[PDB]
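All remarks here apply to the structure that follows.
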2 protein chains.
Amino acid sequence: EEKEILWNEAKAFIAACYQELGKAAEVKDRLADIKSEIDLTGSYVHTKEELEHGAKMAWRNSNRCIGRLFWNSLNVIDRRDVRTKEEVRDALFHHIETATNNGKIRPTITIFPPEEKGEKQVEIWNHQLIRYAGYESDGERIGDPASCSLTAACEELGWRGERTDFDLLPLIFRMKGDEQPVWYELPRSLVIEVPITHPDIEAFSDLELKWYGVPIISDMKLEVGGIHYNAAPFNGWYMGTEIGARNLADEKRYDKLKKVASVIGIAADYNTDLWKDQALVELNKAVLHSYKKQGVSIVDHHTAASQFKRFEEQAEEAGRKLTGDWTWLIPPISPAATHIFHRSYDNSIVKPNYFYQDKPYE
Amino acid sequence: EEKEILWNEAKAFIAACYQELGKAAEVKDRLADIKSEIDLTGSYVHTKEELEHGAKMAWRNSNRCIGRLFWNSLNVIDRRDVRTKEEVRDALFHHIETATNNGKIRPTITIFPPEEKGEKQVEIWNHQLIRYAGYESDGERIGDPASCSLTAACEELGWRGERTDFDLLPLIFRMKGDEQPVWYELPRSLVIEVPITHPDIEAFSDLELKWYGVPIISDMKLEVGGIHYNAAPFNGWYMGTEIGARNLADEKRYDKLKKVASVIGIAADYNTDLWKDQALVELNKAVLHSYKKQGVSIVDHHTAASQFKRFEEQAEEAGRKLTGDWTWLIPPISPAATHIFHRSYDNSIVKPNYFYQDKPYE
Ligand code: HEM
Ligand code: HEM
Ligand SMILES: CNCc1cc(OCc2ccc3ccc(N)nc3c2)ccc1Cl
Ligand SMILES: CNCc1cc(OCc2ccc3ccc(N)nc3c2)ccc1Cl
Ligand SMILES: C[C@H](O)[C@H](O)[C@H]1CNc2nc(N)[nH]c(=O)c2N1
Ligand SMILES: C[C@H](O)[C@H](O)[C@H]1CNc2nc(N)[nH]c(=O)c2N1
Ligand SMILES: [Cl-]
Ligand SMILES: [Cl-]
């Protein structure tokens with residue numbers, strides 16, 4: 001009864017995928033083989049081109065991504081051949097290295113073996129391959145609260161953080177057959193970090209803020225043609241607002257606005273002074289400036305919105321139905337200064353796509 | 001077949017209204033009379049208390065209003081007795097005067113006779129009782145583009161604007177029986193305007209920006225117990241963002257950001273400098289400051305969001321189902337610094353409420 005679910009989403013996928021590549025004729029005799037393969041193996045295997053394109057189509061259908069203009073330039077690394085922890089670790093190490101590309105960030109996705117009978121071959125515990133640890137115990141609040149439960153879960157595994165505000169979490173994943181995950185501390189040479197400075201406010205460095213260069217999501221499930229690549233970490237570059245308006249700004253994250261208001265020489269006393277709004281802007285100016293000063297790829301929300309408009313234009317031209325999540329597409333900084341705010345989008349889910357999956361810890 | 005629509009929404013309304021006022025016993029013999037009145041007259045008439053409460057319940061169920069905490073302090077003026085243009089005009093004049101209250105703005109609603117057989121007794125053409133005119137002709141762009149079509153419609157009626165950027169539109173409404181609307185120029189003594197200045201940037205006055213004190217929506221339909229008060233202008237006070245982030249900021253409105261960026265001494269050349277975001281904040285600081293300096297009521301988006309949180313709290317306490325429109329509840333300035341951003345709301349429409357109705361012009 002599963003071989004009809006997998007088959008009907010494989011009919012849809014192959015037909016559409018080969019249609020876009022100009023291989024519509026090759027559809028019929030590829031579908032046939034799949035029907036055979038599914039029947040006799042319970043599943044089927046993608047070609048280099050199907051997987052590569054299917055992962056680009058998945059990015060294209062992400063309603064919450066504002067950076068989908070470059071969906072076709074996605075660098076797809078095929079690691080469906082890995083069988084050991086050392087291969088997975090080194091694949092993850094390589095991904096970090098190639099995606100970072102000395103700072104000229106390259107949108108990349110490493111794809112590991114998909115679920116067989118729903119069973120995960122690999123099971124990545126990291127939300128991102130590079131993320132800061134978080135600790136809270138006895139009134140103490142160190143690091144990133146978002147990473148509190150994974151951190152505690154790592155410290156149940158022999159790992160121990162230095163309890164600075166920017167402890168790199170180790171890579172932690174579990175292989176099929178094993179009861180517990182392994183962890184590997186990250187080589188620092190593989191991780192670029194950016195110290196946040198202001199272009200004209202020298203006191204800003206006293207905050208000692210920094211962030212990591214490359215955002216590599218590693219807990220989402222790639223679904224391509226009925227096949228579940230539960231482990232397929234991908235990355236883009238940062239939009240400045242993700243760091244300056246959320247990660248470093250949220251009260252339930254790094255909560256830096258009052259400190260920012262202090263170093264920029266304004267009071268944080270009255271709402272009518274709009275001190276949070278002013279601190280948000282100066283902090284966000286500092287983030288973009290700090291990245292471009294170091295030579296790490298980053299985009300501002302305005303430039304990103306322009307690009308997304310081109311994506312909309314490009315979509316209508318190709319007769320492609322556009323889908324988007326308005327609530328996630330609008331930037332948390334001056335959303336009304338972008339075209340996104342003033343129009344609506346269809347939040348319909350089209351496959352291939354990236355999905356949430358249940359965490360293994362907590 | 002209409003007397004069953006009107007009756008079933010009157011059953012719902014009276015039952016709920018009297019329940020909240022503590023007059024649940026009086027429900028039965030009031031409903032009876034209504035069934036009689038509807039049968040023999042085709043409609044029914046609200047008491048002072050039903051109309052007053054029903055208009056407060058309508059405000060409470062406005063999913064897009066962030067200022068609903070004060071739903072119960074709404075000043076309800078009952079003008080269902082008006083029959084002439086002079087009465088309507090003077091009622092509208094009085095509303096402006098009492099709502100303004102020398103600057104200590106009083107949330108007020110004036111309620112005119114409702115539709116009889118769907119026929120409007122009065123038909124208000126103004127979007128707001130106080131709004132600036134807009135002109136565009138031969139590359140010229142004067143005033144508020146939002147008011148372009150009403151302005152052109154007024155100039156078809158013998159009215160003529162001075163073509164400044166802040167021409168007060170006249171009151172314009174049509175009475176039952178007449179083919180054309182009448183217009184009345186507003187007494188300036190009834191209209192408070194606020195000149196926008198900056199607390200610490202003296203050059204800001206060179207922009208010669210100003211706005212009107214009281215926002216009085218007059219083109220929405222109040223629906224209370226199956227009865228359609230198509231003409232019931234209401235007002236609150238301004239949230240600063242409405243003036244600084246939309247009215248004066250939007251490209252399709254006053255489009256002031258580059259001029260703002262100029263007077264505050266920054267470049268409007270690069271997106272990565274976040275010049276729009278910085279101009280938005282300084283412009284919004286100027287608006288709140290300018291209103292409080294003059295003594296006209298205004299609220300900032302932070303204080304407003306706090307109040308709306310109390311409204312949520314007060315709603316759960318009273319066992320009231322909360323409804324909201326997330327897309328409209330979030331402020332266009334730093335929405336992620338408010339609790340509203342980080343939670344969801346049910347956009348369900350509960351009556352009594354305020355609705356859009358089709359414009360008579362254009
Ligand atoms: C190239 C630069 C990219 C930028 C600037 C960008 C920007 C964004 C941003 C700002 C978000 C919202 C994140 C949040 O609010 O927490 C987002 C969501 C998302 N992006 Fe992208 N993105 C990029 C590339 C990619 C790539 C390469 C993929 C995968 C192939 C991708 C897939 C997604 C997905 C799945 C989400 C939704 C995450 C969720 O549901 O929580 N994006 N993107
Ligand atoms: C007391 C101060 C008030 C504040 C600060 C306030 C704030 C707001 C704001 C900011 C909006 C969004 C407007 C927009 O984005 O264009 C809104 C929408 C709305 N408010 Fe209020 N409001 C107040 C009082 C009232 C009153 C007295 C009523 C009527 C009884 C009301 C009914 C509404 C309605 C119906 C909408 C939706 C308008 C639409 O659908 O376009 N509000 N409110
Ligand atoms: C609160 N965030 C929840 C969440 C976000 C996730 O990803 C956000 C995300 C995903 C892809 C991105 C790609 C590029 C980029 N700059 N940011 C990106 C941000 C994934 C899982 C969860 Cl549970
Ligand atoms: C783009 N706006 C459309 C529109 C807005 C309308 O009202 C917005 C509105 C309504 C009530 C308000 C009450 C108080 C306040 N400060 N702003 C308020 C703003 C009414 C009709 C239309 Cl068609
Ligand atoms: C399509 C989208 O809902 C539309 O642009 C909305 C967005 N949110 C808004 N929010 C407010 N307060 N006012 C508006 O006019 C809008 N416009
Ligand atoms: C409930 C609401 O949808 C939720 O708070 C959303 C709002 N919009 C968002 N937008 C982005 N980009 N990221 C988020 O995490 C959220 N959270
Ligand atoms: Cl992040
Ligand atoms: Cl307005």
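Per chain, numbering begins at 1; letters A, B, ... match sequence-line order.
If you measure heavy-atom distances from B:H289 to chain A, you find no contacts under 4.5 Å at all. A:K292 touches chain B through its side chain: at least one heavy atom from C-beta onward sits under 4.5 Å away, while N, CA, C and O do not. Of the two parts of A:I330, only the side chain, counted from C-beta on, holds a non-hydrogen atom closer than 4.5 Å to a non-hydrogen atom of chain B. For chain A, the nearby part of B:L280 is the side chain; its heavy atoms alone come within less than 4.5 Å. Only the side chain of A:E282 comes within less than 4.5 Å of a heavy atom of chain B; its backbone N, CA, C and O stay farther away.
Scanning all heavy atoms of the two residues, the minimum distance from A:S334 to B:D277 falls at OG-OD2, 2.7 Å. When all heavy atoms of A:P332 and B:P335 are compared, the pair lying nearest together is O-CD, 3.1 Å.
Residues of residues 295-305 of chain A that come within less than 4.5 angstrom of chain B, heavy atom to heavy atom, are A:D300, A:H301, A:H302, A:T303 in numerical order. For residues 263-275 of chain B, a heavy-atom distance under 4.5 Å to chain A picks out B:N271, B:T272, B:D273, B:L274, given by residue number.
Environment of CG in B:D358: sparse, with no more than 12 heavy atoms of neighbouring residues, nucleotides or ligands closer than 6.0 Å. By the 6.0 Å contact criterion, NZ on A:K210 is enclosed, its count of non-hydrogen atoms from other residues, nucleotides or ligands being greater than 12. With a 6.0 Å radius and a threshold of 12 heavy atoms from other residues, nucleotides or ligands, A:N347 has its CG atom above the threshold. For A:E251, the CD atom counts as loosely surrounded, since its 6.0 Å shell holds 12 or fewer non-hydrogen atoms of other residues, nucleotides or ligands. Annotation for B:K309: atom NZ does not count as buried by contact number, only 12 or fewer foreign heavy atoms lying within 6.0 Å. Residue B:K252 qualifies as open at atom NZ: its count of foreign heavy atoms under 6.0 Å is 12 or below. In B:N72, the CG atom is crowded: over 12 heavy atoms of neighbouring residues, nucleotides or ligands sit closer than 6.0 Å. Other residues, nucleotides and ligands contribute only 12 or fewer heavy atoms inside 6.0 Å of the NZ atom of B:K104.
The distance from atom NZ of B:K285 to atom CD of A:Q278, rounded to the nearest 0.5 Å, is 4.0 Å.
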